[PDB]
């Protein structure tokens, strides 16, 4: 049994999003609470609403969420969360979660199942693709059997970007740092990889889904 959220992305303030949660590999002979929980950047978990999956379709809302948010069971495997009058205060990762109903006290009465979450970014800014710059040690440096190379991924909106190295051939010894958001609202991050120095090129592959862009940068040893 698993959950997966979708429908997240950038939106302008005042805008409206509808998230859906897909349940897979579930037991139809049992009833559950399906819940939405969000988490603002660097902040704690915040419960939004739950709905029971029986014929009643009864729902339970956080006080602050009454009015702007609407949960509903739209199928035997799908629950949706409607969000209106969005503010940047609503920028968060949105999780779908499931837990058991009370039964006879014999159940897992907590949220035992969680989706990976979907990112919602409320911003007036238009989506913007990152610029990508190679990071190599200074030319004056003594060569070694190994070298650490990198890519700087600068000035994009919104999260996320994905960074791979040599299309996934290089995975060990990669460090991709958490993004930092500038006061402009744009994001930047860096990624580095340590390699055995060789004739084979080292290339970072940077994707930004929100702008449907994909860029490769081959990092010269700077030698």
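Residue numbers count along the first chain shown, from 1.
- Stretches 109-117 and 83-91 differ in mean C-alpha B factor, with the higher average recorded for 83-91.
- Of the two segments, 100-108 and 141-149, the one listed with the higher mean B-factor is 141-149 (C-alpha atoms only).
- When the C-alpha B-factors of 199, 211, 16, 205 are ranked from the entry, the top spot goes to 16.
- The PDB entry gives the largest Cα B-factor of the residues 29, 194, 190, 39 to 29.
- Sort the modelled residues of the chain by CA B factor and residue 169 lands in the middle third.
- Looking at the C-alpha B-factors along this chain, the one for residue 50 belongs to the middle third.
- For residue 43, the recorded CA temperature factor ranks within the middle third of the chain's modelled residues.
- Residue 186: CA B factor in the lowest third of modelled residues in this chain (values from the PDB entry).
- In this PDB entry, the Cα temperature factor of residue 34 sits in the middle third of its chain's modelled residues.
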